[PDB]
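Let's start with one chain on its own, the form deposited in one PDB entry, as structure tokens.
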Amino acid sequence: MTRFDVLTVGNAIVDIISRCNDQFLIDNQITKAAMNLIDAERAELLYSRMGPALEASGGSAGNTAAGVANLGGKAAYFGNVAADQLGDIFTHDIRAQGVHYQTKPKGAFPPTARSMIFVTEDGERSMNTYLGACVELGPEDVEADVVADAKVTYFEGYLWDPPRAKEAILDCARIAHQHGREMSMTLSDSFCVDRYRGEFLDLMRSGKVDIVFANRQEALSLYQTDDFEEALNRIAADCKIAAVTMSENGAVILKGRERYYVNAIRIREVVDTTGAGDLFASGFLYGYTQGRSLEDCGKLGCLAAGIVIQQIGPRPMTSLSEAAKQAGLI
């Protein structure tokens, strides 16, 4: 038996969420639909201009772990918070979902990471992230026994921003592969790919990463192309399995020369797209670690992702296992 189906590793963040008008993004020089890194001074400034907000536990990988647990899989998470009230919220929410989470805070300062997420009327989300205690995640936070005992270890491209997180990921890759497990990553954000293009390709080509998740813009950015077909051909050459999401157009799963296209589910409306890709990865990785076909992994991903975009907050509040059962994915 294995203790875990999916271990995820990422920046532990609490989301601060508010709807805004289109002009707010322009006035504040926020890049729409992207992850904008900010310092402490900028965080205070944007917060002072932000309307009344809702808080919810976030973090890309955190959301993915939570989603796997929600669907019925056994998940674990590595990510560093501070010993503060935001850190206590993060710790509560992930553990309450039944994700193994044991990363120890190193003190109260830097404080727990937070992201101010502005949701426009079209449902797009523009994130503004102060990394705080995330800068302290390092090799010391690798629970080797967990990596040793997880079918898949999945991490964020976003980990390349903080200084030492990459060292932890290399340790995970080694331990995972020594125990015959598989490694996975998400490209995270198109600008993040702009920052770490060469390093990400190296992870894939050296075999440190087996399964890669990308959205359309991330895939395009990885190869600096406007040709989506080229991006699909190249990503298939660079990793063993690629899952490329296409928003309302669903997803395509690639393995060697195999291609499996999956449709998006029907939705009421796009309330808030925050978490879409994260939950696609939840459903995909849940199906994968249950031995399901790649097409069925894509279907489970589309189901979970389509549910999360119909609610405020990045982690489904409803039962994904019940939704999977009703959709006959079971």
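Numbering starts at 1 and runs along the sequence shown.
The next section is about a form of this same protein that is not shown, the form deposited with a small molecule bound.
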Taking heavy atoms and a 4.5 Å cut-off, does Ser190 contact the small molecule in the bound PDB entry? yes
Taking heavy atoms and a 4.5 Å cut-off, does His179 contact the small molecule in the bound PDB entry? no
Is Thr225 close to the small molecule in the bound PDB entry, meaning a heavy atom pair under 4.5 Å apart or at it? yes
Classify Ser221 as contacting or not contacting the small molecule in the bound PDB entry by the rule of any non-hydrogen atom within 4.5 angstroms, answering yes or no. yes
Heavy atom within 4.5 Å of the small molecule in the bound PDB entry: which of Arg259, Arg197, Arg95, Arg174? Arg197
